[PDB]
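In structure tokens, one chain follows: the form deposited in one PDB entry.
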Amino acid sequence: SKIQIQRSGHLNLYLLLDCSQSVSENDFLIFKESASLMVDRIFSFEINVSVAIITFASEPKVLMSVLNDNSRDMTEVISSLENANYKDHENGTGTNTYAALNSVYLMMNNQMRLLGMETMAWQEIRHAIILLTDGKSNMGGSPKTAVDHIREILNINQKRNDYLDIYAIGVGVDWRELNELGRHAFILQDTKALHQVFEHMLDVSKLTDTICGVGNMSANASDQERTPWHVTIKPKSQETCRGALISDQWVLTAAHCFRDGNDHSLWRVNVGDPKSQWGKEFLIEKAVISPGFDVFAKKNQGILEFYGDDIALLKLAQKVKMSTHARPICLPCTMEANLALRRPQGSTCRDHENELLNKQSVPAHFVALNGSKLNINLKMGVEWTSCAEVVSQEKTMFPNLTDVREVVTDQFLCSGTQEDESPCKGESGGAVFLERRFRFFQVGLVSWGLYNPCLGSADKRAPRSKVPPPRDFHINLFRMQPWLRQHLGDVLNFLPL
């Protein structure tokens, strides 16, 4: 069961696409979309993978081979998949699943020759063959003959089952004949349905690596698995807070969470755990609260609460085991985040800001007390000012306010307009993150806001639209780089400013 995701060895992925009369032209188009995502996902784990693209009907057509160096290049693979045409199998309309699997075998036999039989370069390659089909084989003989042949050239045993996986997926179909080819057989309708199931086809537990911004993309997975960087913080307060793993023992949070003293020996960090229901709890070795933070710094000006430099770093007393439940999030302007973005090597922090925050309204997220993922729109450029200006109506926090720039600076990101969710106080410190090509990036850090949904309060989350009005400001990590560098330069490899 499952394809293995690990730094060890190599993965040869072979995507076989049905093109017979059985499959309509609209059906093959959704195979194309389903094969793209598979390629996109398998390249998002930063592992050594090669993708072969084959279409088959009466005979197989190889569009990408693992013998080609381009099979290790995401762009090239997908282009040879975008250029795939249904009419290419009009002159042969049958279903010859044997010949198509034999193609893969002829490719494996060729790759043996290239690298060497006795070589590590061959025997470390794990093989996964995915057939986007419905079954209904009608020529070429039994597909079993080819599967046996692949087993023989790969030496498959009970101690070597990890080296061969055959899947047969129906999208848009014979049930038990797919189990013949392959539970390694699935019947699916939507492409978004396959996106879910492909998540379950992958085994990541053996990726104890410190890779950032990797999560589980499917429901049926726990909230902790989808947002594995998310931690819960307890200070000397009972007042709950949130934060984010940015490495194996550093967590990024809000400074306003520790408004009772800097003695950290009474604080707890709660990390996700694969065995535990409640997660592993960690003690703190040392804290780094921004020297510039001071809630009552603007008290004499009238401003009761000022959240400038609202940022803090906690070093845990022990390393966190990287797992399906606990991984660091990608922090922008690092080499870590750079590889995640598939960027070139000469990238700067300025490049990263432009890539990630690209529109004037950017859809981001933050995680609720619930644990589930919530949606927000970061307002940039000219939209930022009209987003920020609304703070001029709050007079419970700011009585003698004339200048908005005094409380809200470009140091803050702005969200909370229209149908945005507003974070609660317990959710502050939590990460404000984006998803790009299946990877997760923290652009921000929940700090303050004009309305608290949980301040109902009793147990609920209410908005209300005659209050003047709800709006939320997060610390902008891009504006916070010299500090992050100052303290994390051993932990992360930062890029030029």
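One-based numbering along the sequence shown. Between two forms, the rigid core is the largest collection of C-alphas that superpose within 1.5 Å.
What follows is about the form deposited in another entry, which we do not show.
Checklist entry - Just one of 215, 416, 143, 272 has a CA that shifts 2 Å or more between this form and the one not shown on a core fit; which is it? => result Among the listed residues, the outlier is 143.
Next on the checklist: Is residue 353 displaced by at least 2 Å at its C-alpha between this form and the one not shown when the rigid core is overlaid?
Outcome noted: False for residue 353: its C-alpha shift is below 2 Å.
Next on the checklist: Please determine whether the C-alpha atom of residue 374 is displaced by 2 Å or more between this form and the one not shown following superposition on the rigid core.
Outcome noted: No, residue 374 moves less than 2 Å.
Checklist entry - Aligning on the rigid core, do we see the C-alpha of residue 300 shift 2 angstroms or more between this form and the one not shown? => result No; residue 300 is a residue whose C-alpha shifts by less than 2 Å between this form and the one not shown when the cores are overlaid.
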